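> This one is an experimental structure. Sequence first:
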Amino acid sequence: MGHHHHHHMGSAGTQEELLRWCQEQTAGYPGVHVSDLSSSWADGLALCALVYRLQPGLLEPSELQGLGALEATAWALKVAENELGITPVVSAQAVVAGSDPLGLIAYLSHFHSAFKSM
């Protein structure tokens, strides 16, 4: 199958399933909105929310939630890898700046595949 590449849906078609799964996993925190593939990860809320869900006894989202964006990403990314074992795919600066859509989505896939199977 396949016509050429794109015709109606393709890029957004994947983001929809990714954003939907992300919001569901980040659902529970009385003060966290997950509906953006950039700003949502600014303060590292989306990433922290996921990590905390996997290791609630080895995470501190609320701590890095306001302490800082760069610190939240670097801290969550470092601990996430230490607690889960997932090696970072993109730099904190890029994540906080949202200048890496391909990298942000790829990372989410790693976390999803880890929980999808476990």
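Noted; the coordinates are in hand. Residues are numbered from 1 along each chain as shown.
> For the lengthiest helix in the chain, name the packing helices and strands.
Ranked by residue count, the top helix of the chain under DSSP state H comes out as helix 101-117. With contacts taken as 3 or more CB pairs under 8 Å, 6 or more residues apart in numbering; DSSP states H and E, helix 101-117 sits against helix 11-25, helix 45-54, helix 92-97. From N, CA and C alone the C-beta is placed, and that goes for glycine too.
> so how far is it from its chain's centroid?
When distances are taken as CA atoms, centre = their mean, to the nearest Å, helix 101-117 is centred 8 Å away from the chain's centroid.
> who's in contact with that helix?
With contacts defined as CB atoms under 8 Å, 6 or more residues apart in numbering, helix 101-117 is touched by 14-15, 18, 21-22, 25, 37-38, 41, 50, 54, 84, 86, 88-90, 94-95, 98.
> Mind checking which of those residues are buried?
Buried residues within these, defined by neighbour count using 16 or more other CB atoms under 10 Å: 21-22, 25, 37, 41, 50, 54, 84, 86, 88-90, 95.
> Turn the helices and strands packed on helix 101-117 into CSV, including distance to residue 75.
Below are these laid out as CSV (distance: least, CB to CB, whole Å):
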stretch, distance to residue 75
helix 11-25, 19
helix 45-54, 9
helix 92-97, 9
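> can you put the buried ones among the contacts of helix 101-117 in CSV and add distance to residue 72?
Below are the buried ones among the contacts of helix 101-117 laid out as CSV (distance: CB to CB, whole Å):
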residue, distance to residue 72
21, 21
22, 16
25, 17
37, 17
41, 9
50, 12
54, 16
84, 16
86, 16
88, 14
89, 17
90, 14
95, 10
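> just those residues now: which is nearest residue 5?
residue 37 (21.3 Å; CB to CB).
> Perfect, that will be all.
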